[PDB]
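Just target17.pdb here, PDB, C-alpha atoms and all ligand atoms:
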ATOM      1  CA  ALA F 352     -23.764  33.217  37.961
ATOM      2  CA  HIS F 353     -25.505  34.289  41.162
ATOM      3  CA  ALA F 354     -25.030  35.705  44.688
ATOM      4  CA  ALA F 355     -21.219  35.583  44.966
ATOM      5  CA  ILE F 356     -20.597  37.199  41.587
ATOM      6  CA  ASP F 357     -23.151  39.902  42.333
ATOM      7  CA  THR F 358     -21.484  40.669  45.649
ATOM      8  CA  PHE F 359     -18.027  41.050  44.099
ATOM      9  CA  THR F 360     -19.345  43.133  41.201
ATOM     10  CA  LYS F 361     -21.287  45.553  43.408
ATOM     11  CA  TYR F 362     -19.014  45.893  46.433
ATOM     12  CA  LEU F 363     -15.592  45.651  44.807
ATOM     13  CA  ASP F 364     -16.795  47.942  42.021
ATOM     14  CA  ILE F 365     -15.372  45.746  39.268
ATOM     15  CA  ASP F 366     -16.632  44.285  35.998
ATOM     16  CA  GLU F 367     -18.708  41.112  36.131
ATOM     17  CA  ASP F 368     -16.188  39.267  33.966
ATOM     18  CA  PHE F 369     -13.515  39.499  36.624
ATOM     19  CA  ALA F 370     -15.987  38.852  39.430
ATOM     20  CA  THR F 371     -16.678  35.627  37.550
ATOM     21  CA  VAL F 372     -12.959  34.791  37.505
ATOM     22  CA  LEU F 373     -12.790  35.272  41.281
ATOM     23  CA  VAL F 374     -15.517  32.657  41.796
ATOM     24  CA  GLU F 375     -13.876  30.287  39.296
ATOM     25  CA  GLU F 376     -10.658  30.670  41.300
ATOM     26  CA  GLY F 377     -12.480  29.540  44.424
ATOM     27  CA  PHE F 378     -13.406  32.821  46.143
ATOM     28  CA  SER F 379     -16.941  33.422  47.394
ATOM     29  CA  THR F 380     -17.011  36.074  50.136
ATOM     30  CA  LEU F 381     -15.771  39.585  50.851
ATOM     31  CA  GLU F 382     -14.062  38.288  54.008
ATOM     32  CA  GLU F 383     -11.730  36.219  51.815
ATOM     33  CA  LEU F 384     -10.870  39.105  49.500
ATOM     34  CA  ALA F 385     -10.202  41.343  52.486
ATOM     35  CA  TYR F 386      -8.242  39.031  54.787
ATOM     36  CA  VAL F 387      -6.663  36.098  52.939
ATOM     37  CA  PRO F 388      -2.865  36.497  52.538
ATOM     38  CA  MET F 389      -1.951  38.544  49.469
ATOM     39  CA  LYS F 390       0.359  35.849  48.120
ATOM     40  CA  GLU F 391      -2.766  33.782  47.520
ATOM     41  CA  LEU F 392      -4.689  36.488  45.676
ATOM     42  CA  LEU F 393      -1.588  37.175  43.597
ATOM     43  CA  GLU F 394      -1.929  33.658  42.175
ATOM     44  CA  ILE F 395      -4.976  34.495  40.051
ATOM     45  CA  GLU F 396      -4.494  35.529  36.427
ATOM     46  CA  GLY F 397      -4.926  39.230  35.762
ATOM     47  CA  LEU F 398      -4.022  40.516  39.211
ATOM     48  CA  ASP F 399      -0.953  42.465  40.244
ATOM     49  CA  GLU F 400      -0.240  43.785  43.739
ATOM     50  CA  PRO F 401      -1.520  47.368  43.414
ATOM     51  CA  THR F 402      -4.883  46.087  42.185
ATOM     52  CA  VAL F 403      -5.016  43.415  44.874
ATOM     53  CA  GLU F 404      -4.471  46.063  47.554
ATOM     54  CA  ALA F 405      -7.213  48.224  46.053
ATOM     55  CA  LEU F 406      -9.655  45.305  46.013
ATOM     56  CA  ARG F 407      -8.791  44.418  49.623
ATOM     57  CA  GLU F 408      -9.476  47.992  50.723
ATOM     58  CA  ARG F 409     -12.805  47.945  48.908
ATOM     59  CA  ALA F 410     -13.682  44.578  50.437
ATOM     60  CA  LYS F 411     -12.950  45.986  53.910
ATOM     61  CA  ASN F 412     -15.031  49.104  53.322
ATOM     62  CA  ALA F 413     -17.856  46.927  51.974
ATOM     63  CA  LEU F 414     -17.882  44.746  55.089
ATOM     64  CA  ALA F 415     -18.133  47.809  57.338
ATOM     65  CA  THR F 416     -20.970  49.166  55.196
ATOM     66  CA  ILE F 417     -22.882  45.878  55.156
ATOM     67  CA  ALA F 418     -22.525  45.525  58.933
ATOM     68  CA  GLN F 419     -24.682  48.664  59.161
TER
HETATM   69 AU    AU F 501      -1.278  40.889  35.557
END
Starting from the file, lay out its structure as structure tokens.
Ligand SMILES: [Au+]
Amino acid sequence: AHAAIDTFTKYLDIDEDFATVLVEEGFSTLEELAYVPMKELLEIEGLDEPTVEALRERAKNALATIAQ
């Protein structure tokens, strides 16, 4: 458990356990969480649309913040 998990945990403001699930599901960057079609994110266990939209918003805000 390294870089990718730490990024999701810190910038998406979620628990490490779920950040770990994201990596196991094949995700590794904020760009993916923010821009990949929702239908895809909705395929991972534990996620429903409202939460996916919240995570996408956080991913977008994180990218803007990091760019600074
Ligand atoms: Au669910």
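Taking CA of residue 371 in chain F and CA of residue 359 in chain F as endpoints, the distance between them is 8.6 Å.
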Cut-off 10 Å, only C-alpha atoms and all ligand atoms, neighbours of ligand AU 501 (chain F) as a ChimeraX atom specification | /F:393-400,402
Pull C-alpha atoms from the residues just selected and write them as a PDB file, in the frame of the given file.
ATOM      1  CA  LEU F 393      -1.588  37.175  43.597  1.00  0.00           C
ATOM      2  CA  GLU F 394      -1.929  33.658  42.175  1.00  0.00           C
ATOM      3  CA  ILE F 395      -4.976  34.495  40.051  1.00  0.00           C
ATOM      4  CA  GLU F 396      -4.494  35.529  36.427  1.00  0.00           C
ATOM      5  CA  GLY F 397      -4.926  39.230  35.762  1.00  0.00           C
ATOM      6  CA  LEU F 398      -4.022  40.516  39.211  1.00  0.00           C
ATOM      7  CA  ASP F 399      -0.953  42.465  40.244  1.00  0.00           C
ATOM      8  CA  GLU F 400      -0.240  43.785  43.739  1.00  0.00           C
ATOM      9  CA  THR F 402      -4.883  46.087  42.185  1.00  0.00           C
TER      10      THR F 402
END
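Across F:389, F:355, F:384, F:374, the tightest approach to residue 409 in chain F is made by F:384 when counting only C-alpha atoms.
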Please evaluate the PyMOL selection byres (((chain F and resi 407) around 12) and not hetatm) against the structure above and give the resulting residues as a VMD selection string.
-> chain F and resid 359 362 to 364 380 to 389 392 to 393 400 to 406 408 to 414
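Atom pair CA of residue 390 in chain F / CA of residue 418 in chain F has a distance of 27.1 Å (rounded to one decimal).
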